[PDB]
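These notes are about the structure you will find just below.
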Amino acid sequence: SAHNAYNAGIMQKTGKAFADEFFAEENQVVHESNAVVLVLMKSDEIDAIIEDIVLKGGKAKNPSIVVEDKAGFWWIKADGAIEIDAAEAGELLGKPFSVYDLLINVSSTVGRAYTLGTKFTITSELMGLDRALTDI
Amino acid sequence: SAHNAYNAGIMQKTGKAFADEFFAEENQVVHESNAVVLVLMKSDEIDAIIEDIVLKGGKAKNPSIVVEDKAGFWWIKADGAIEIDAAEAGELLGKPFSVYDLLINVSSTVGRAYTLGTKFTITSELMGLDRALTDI
Amino acid sequence: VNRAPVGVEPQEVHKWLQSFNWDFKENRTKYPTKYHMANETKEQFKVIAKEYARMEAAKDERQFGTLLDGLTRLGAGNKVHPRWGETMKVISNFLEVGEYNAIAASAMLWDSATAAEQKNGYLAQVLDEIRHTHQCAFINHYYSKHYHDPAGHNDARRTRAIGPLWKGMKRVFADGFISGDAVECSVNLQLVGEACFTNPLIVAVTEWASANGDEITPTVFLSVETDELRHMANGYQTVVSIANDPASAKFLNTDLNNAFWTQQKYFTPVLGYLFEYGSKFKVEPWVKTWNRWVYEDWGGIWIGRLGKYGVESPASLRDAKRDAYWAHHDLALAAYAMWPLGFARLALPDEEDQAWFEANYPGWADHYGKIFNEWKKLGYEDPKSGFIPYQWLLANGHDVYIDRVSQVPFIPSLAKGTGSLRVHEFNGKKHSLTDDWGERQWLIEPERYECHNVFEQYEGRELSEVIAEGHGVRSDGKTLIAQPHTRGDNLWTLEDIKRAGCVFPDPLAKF
Amino acid sequence: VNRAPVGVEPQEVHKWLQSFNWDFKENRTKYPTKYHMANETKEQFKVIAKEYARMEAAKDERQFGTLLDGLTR
Amino acid sequence: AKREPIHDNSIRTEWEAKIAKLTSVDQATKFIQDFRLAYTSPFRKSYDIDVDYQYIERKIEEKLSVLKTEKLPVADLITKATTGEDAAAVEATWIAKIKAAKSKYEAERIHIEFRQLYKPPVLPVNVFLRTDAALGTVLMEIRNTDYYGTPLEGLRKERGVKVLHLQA
Amino acid sequence: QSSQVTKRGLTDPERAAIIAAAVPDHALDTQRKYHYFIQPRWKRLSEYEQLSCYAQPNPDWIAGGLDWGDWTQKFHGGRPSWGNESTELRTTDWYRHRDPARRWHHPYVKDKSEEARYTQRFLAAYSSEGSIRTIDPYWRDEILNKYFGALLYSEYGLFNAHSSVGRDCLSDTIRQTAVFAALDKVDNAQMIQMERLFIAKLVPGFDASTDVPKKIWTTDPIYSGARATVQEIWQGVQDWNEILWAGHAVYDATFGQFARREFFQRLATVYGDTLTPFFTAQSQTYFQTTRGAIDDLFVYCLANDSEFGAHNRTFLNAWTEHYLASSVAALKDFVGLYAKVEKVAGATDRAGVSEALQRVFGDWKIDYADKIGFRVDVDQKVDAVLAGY
Amino acid sequence: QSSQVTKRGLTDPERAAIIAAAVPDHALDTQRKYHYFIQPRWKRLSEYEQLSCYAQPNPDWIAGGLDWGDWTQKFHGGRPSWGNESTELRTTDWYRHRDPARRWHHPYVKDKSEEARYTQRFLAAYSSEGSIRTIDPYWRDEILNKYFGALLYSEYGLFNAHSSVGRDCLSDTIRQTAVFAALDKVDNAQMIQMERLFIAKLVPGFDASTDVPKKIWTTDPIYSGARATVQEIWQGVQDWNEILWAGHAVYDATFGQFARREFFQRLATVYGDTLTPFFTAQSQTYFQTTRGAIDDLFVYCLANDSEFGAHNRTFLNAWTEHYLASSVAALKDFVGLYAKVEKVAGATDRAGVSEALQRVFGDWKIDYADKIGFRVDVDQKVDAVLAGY
Ligand SMILES: [Fe+2]
Ligand SMILES: [Fe+2]
């Protein structure tokens, strides 16, 4: 749910309350996270994918997804993995759309991201170490 | 000079004063004009051509030119003819620029307009009747 | 061998185009015409197929970049004033049919020409009008995705068939382009339609769009007209190609005056209505726009300059000027009174609109403004009023007639524009004509003008049944697409219309 | 012969990339390093030269459209 | 009158019933010529089915065209009208009639009647379009000569209208 | 300046504030799919169908139309703006055609622009390479310059056949297919003349003028049957379905394919011509793209229309027998050209020409003839044209 | 949502009003030409020069640099980030090179994208045409599949030679020339493998795996000298000027041009191969574009540097004699391939191979050797390689 919000946890605090937790001793080492962050650049194609793929079928299969509006881009954070099938996006948009066309407006990935077939996947898994990459 | 302004002559009048001249008997037939009107769509390339070609060398050789800002486009009216050399525009812009590239943002012509070599000409002359069209 | 790098530039190929045609006995146009296009005519723009595509694709990439990237990211599609976003339902889809039919018209002229270069000029236009068809469609497609009311943006190719304004558009920008002497069509399409009226319709409108928050339409329409200027050259080339034909002296000024009146009859009132009543922020009075673009510049630079070659100032110009001042206000009375038959939402002029109308058209307040303000008090906007102004007009003797030739509506008891009612019976059928130029056309050519009008098709039927049958409803199946206000609440439904009990009469039954 | 319309998609070419290298004694990096990069490593994005250019040119056209047309106007 | 709906109504249904009962090329040719003389052009005999005749005419054309391909030899499809006449002879006949016309009112009636009688599928498409084009060239030349010569009061009388109203 | 500088509603603070107050806080309908009621040919509506379908304002008395009533203005005499009298063929819905390549205007010029610019880069490099030096100079100056040059008039004539098609045809997707096909034909003709103008810059005394090619097209018996067929398809008929079928599915698919692919392209790769295959690569790509659309219109749809398929095949079979005969004659005149080239085994001997004809007619039987029920003996047509060898 | 929705300064009425009040009513300078101080190579500054020149932050102790001081962080031991120790050649200004095609990143990928998409359209049409049927199946399965396939490893090796060039070279326009040249080489290799994968979809039992090509490249004596040269240019040297000169101006201009144009492309147009010339059209266009830039860097500039031209020609002549010898050996091994093809007069006989070698070496003498003062006897090199025929 709301653990994936941009302003989750410490980010809600201001002033001295923020400082106290920012400098707390337990927060001086990294904490492993199972999340991934996906940034999508705003555009006609992306706004349709967001509303009709990510926020419908996507959130139905991964309820942890949070989408936030950052003016020029969409900020997306979810547990585990996010997957976007370029072939489904093409059907939605009514025009040819390969995985390489989808990447025209995929702007950032915090996670392990890869292309296989028509599918773009960003996953918390350590691809190439824990699970091998494959060909078509 | 100012006979080529968008709001020249009758256009300055309002209310009944406008009506009276609009319906005056001498204004019920067309009046032959030696002018041409050129409309340029606003863009990076066009705005440079306007300021560094049309309003410098162009107005130096044809002082009748009037340029007016119509938000999305430039409205240009002059006596006789206006000429734009695409080869000079390319030197100004620092990139390849044929007469066909210039036409990307030439939006309207009231006059006889034609392409010969690198040059775009809009003229009050009756091309093909009074003066023949030629090849390269 | 010489190994310097060389290519072949477009104008090197173009120089050989004229020699591509060859002579045989059957090499003649298939279409009826009074004229003979000279075989030596040259074209003003030296375009070949490969360079055509390179030039047009570059225009496209910049246009679609602006639309799909920049303006979408800015949310521009819903920053338009509602009056104008509604008006663009009509402008872009009505213009679409002109773009579409111009494909066929230019092909008919390509057939009619004998010079390979003149064929090439028309052929480039054939391809441009396909481009513009898809561009107009893309505007409504984009609006459907991004603007707060997609209804009517999303289905006008069928919902336009309900109402009377669409019939008049089919005359000037569809049938008038393709039905007649190739040369009569050319003057309707290119020398008047394009050289004269696409300047206000496509260029000047972009300033009105921008004033009302619309940066989508300028992005597209200004690119559309980059092609159109090559079409203006096509029409002028038509005149050049028949200039030494003795038939020209017999016929040209007649076809020209018919075409000028045909185009102005619809566009002079319709564009003025859409610009001034379909906007919140106004740029300038329509009659000044018409003066600048139509009378002074088109009339002076095209028609005036052709006087050397027998082209006369059109006989109907004096009548056209009276329309430019008053006829769009006349049309507004019909458009507002018959709002349920459209596919756009309308707004009565507000207090500051009214002050602007009276200042620029003195007398407007006492004639038109008084009517609009009475309708407002009667409940024009309110779905629980039971009020539809078309019945108010009938109840006060202000009958509406459809011109059998132009399809333009006419209210003789209220009109200040040009015209007067003539009702003829011929062979058991009654016909209403509205001006001297159209009456002559119908009297000389009755079999060209048999168009069924909305009263003949809808006679005796109740308004809501006609709208339901035509799919003039939103996706709930009950709420009208058309509305008499631009607010987000209190939308009219089929039952609100049915409560008014409006049934179509036969306007000519009384004669 | 079979006359169905076929092409070759980028990932069909990419699958053969790994076999483009070949072994000789001098096939070693020229730069100083403490590490040895394993010869079997695979890449997450299957990109070939032609598809690289197609993908990047499409990004460019939209960007330069927005800049030179829309935002300038 | 109270009109029925536009695209689906009792008039169209009844006429489709009649059309279904045509079984021969000769019977369908007479049916379609009679229909077109009765209900098409400004010189039609009746305006009773004004808003439906064009759709009905389409349906008669469809029946006649299928009967043609079912019952005629292929060469007949190319070179003969369904009246049995030679297509090329029909073409020569009607061009000669319009070129002998002395008024625009005689020429206009010849062209309109040619279309009423020989519109496809009666005449083959290629021969019909060519003939229609030649007739229209003549009709336009006569009509467009001195187009503004006769004043409206004169043209109203020449046309033969009953003037029901003139606004003053 | 004399006129007001108009303030933009998008960015002017005052106008933007007024516009914001007037825009509702919610959508007034949820159907955002442009012309949602079009029936899709494929899984979901395509942008191609959305932007194209029902642009033509046909009434209900032209099969498939959504409008009503008579046209507003017709020809003198009463010819309708569009009408059923324009063609012998019939259908339940004229809007049913789909270009399988789904080309609206933008993808069409996007693709041709790539070919436009790459061609010029290729020519500049080819000139720098000096690759002309290996071309047999007899093939170059006698066959290429004269007889390939003359073929441009076949392409140009096929181009012009579409002028009446572009005016007369009865739906939007058909009109787009026809006009795009027409531009590709005139593109072919201009590309042939571009090759000749190119060779003229590299080989002094090479005459790139059209005078000799035009003379050969109009008077050389090698092209006598071809010119006769093209003049008939272009100017002898006006049924717009007949023109498209005769032009693309019979004449260009038999004579045109033999001339372009089996003669000029194939024999360029036996006489060391490395330039001509660059240009025929384009014409043959254009032929296959056009065929996909011609196939959909005629083979997939009209020949199988639920009410009129057998009716339509009657006309298509008649057209085919007449125009196939003209095309066989055209090939019989054309194979005389082989008397002017070096005899190469399996290429320009009687066996190679017979195998080439077996390819063109055998392909044509599979692509077109079998699918409309037209019965053809491939062997008999090969023998008929070999008569002129 | 958890975070504020940021208001846009461009369109929000309140923020736009504040921004408008802070923007001055006049410009604060009138010089609007980006990096106006670059010295133009042509009549006026080009966008290519504006976007490229002085991006590299060289100090004044690397010839031409505008900055000052030592690098902020160097290699262990003191190797500079960039330094004069990277090459034997010297110049008064490393920024002086200009690609005559003026390619910054956008025109480069724009052009290759046109070739990318057109290629796929051409292949779909070629498959539909059935044009494979006329290709000599021995040329197809023996020479094309095996020995053209093996050539991809020459292109791939030349590609990899640029890795150290891309790190080591000393200016921005040079770096762009080198990287674009590198991508074109790896493009060539992938295109050769694309052709093979394409033929595998049309001809059953055609093996498109790289196993046989790799075996032939690594162990077949036909490629033994070529592989030795490529391994040396790639991994045997690190002078980045030596790599570019040896790779493009000697090896690829002699062996590479003979293999691609004189053997595979030319003989495709004698054995009826209509597919291979489509792909070599690209590699040869890429070679000529690269040559224009190599020529500017080495022939126009470095060989004529006002202070170091004679100094530079000393190294260039030394490099040339060493690598031309390797390339002559490579061609001598390679012409053994002619023993495996059908003897065609003027093409694959001793006279045709000798005329082909006279083209490659004669062109090379004019394009490169004459311009750096290198003395070469064309006839003697032709005789040296014919020794292996
Ligand atoms: Fe247009
Ligand atoms: Fe146009």
Side-chain angles (χ1 to χ4, degrees), chain B residues 39 41 103 106-110 113, chain C residues 43-45 47 52 55-56 59-60 63 91-110 113 118 120-140 169-170 172-178 182 185-206 217-239 259 263 267 271 293 298 302, chain F residues 51-52 55-57 104-106 108-109 166-167 172 175-176 179:
Chain B
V39 169
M41 174 181 13
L103 291 178
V106 176
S107 281
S108 196
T109 60
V110 195
Chain C
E43 72 169 327
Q44 294 172 202
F45 293 88
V47 170
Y52 174 80
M55 171 178 61
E56 298 301 279
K59 296 171 182 182
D60 281 357
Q63 171 194 262
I91 290 183
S92 175
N93 184 259
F94 277 21
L95 178 57
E96 183 187 274
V97 82
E99 304 301 358
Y100 186 75
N101 271 237
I103 309 164
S106 310
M108 187 172 57
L109 299 169
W110 154 26
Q118 198 180 350
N120 200 63
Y122 297 136
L123 164 77
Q125 179 165 354
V126 174
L127 278 144
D128 295 336
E129 309 299 19
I130 299 185
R131 178 179 191 244
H132 302 169
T133 298
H134 297 152
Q135 271 169 304
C136 280
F138 208 95
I139 289 179
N140 297 119
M169 188 68 192
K170 278 206 270 200
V172 294
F173 263 28
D175 300 314
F177 285 175
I178 58 173
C185 290
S186 174
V187 174
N188 258 316
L189 168 68
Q190 298 158 331
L191 184 69
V192 183
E194 299 167 337
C196 181
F197 278 103
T198 65
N199 280 321
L201 169 53
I202 299 185
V203 176
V205 75
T206 65
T217 305
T219 299
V220 175
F221 270 20
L222 290 171
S223 189
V224 164
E225 201 70 6
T226 71
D227 306 316
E228 283 308 310
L229 69 96
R230 293 190 277 97
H231 304 177
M232 300 172 193
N234 275 344
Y236 175 67
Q237 278 151 204
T238 297
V239 180
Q263 296 299 312
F267 279 123
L271 293 193
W293 283 104
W298 176 77
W302 284 109
Chain F
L51 300 174
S52 300
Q56 174 146 351
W104 54 287
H105 191 273
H106 172 63
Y108 177 75
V109 295
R167 165 62 181 83
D172 40 45
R175 177 160 278 102
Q176 289 163 191
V179 170

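Atoms considered below: every heavy atom in the structure, side chains included; atoms not considered: hydrogens, waters and symmetry mates. Each chain gets a letter, A, B and so on, in the order the sequences are listed, and its residues count up from 1. Ligands are counted one by one from 1 in listed order, and the atoms in each one are counted from 1 as well.
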Margin query: Under the rule for salt bridge (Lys or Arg N to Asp or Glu O under 4.0 Å), what residues qualify as partners of C/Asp60, not counting sequence neighbours?
Written below: C/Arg131
Check: For F/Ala55 and C/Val97, which heavy atoms make the closest approach, and how far apart are they?
Finding: O-CG2, 4.3 Å
Note to self: C/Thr206: which residues meet the side chain to side chain donor-acceptor pair (under 3.5 Å) condition with it, sequence neighbours left out?
What the structure shows: none
Item checked: Flag, side chain of C/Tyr236 to backbone of C/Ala195, donor-acceptor distance under 3.5 Å -> no
Margin query: How long is the straight-line distance from CD of C/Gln118 back to OG1 of C/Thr238, given to the nearest 0.5 Å?
Written below: 6.0 Å
Notebook entry, point to check: How would you list, by chain and number, every residue that makes a side chain to side chain donor-acceptor pair (under 3.5 Å) with C/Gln263, sequence neighbours excluded?
Noted result: C/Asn188
Next item on the list: With 2.8 Å as the limit, jot down which protein N, O or S atoms are around the Fe ion (ligand 2).
Entry: C/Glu129 OE2, C/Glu194 OE2, C/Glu228 OE1, C/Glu228 OE2, C/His231 ND1
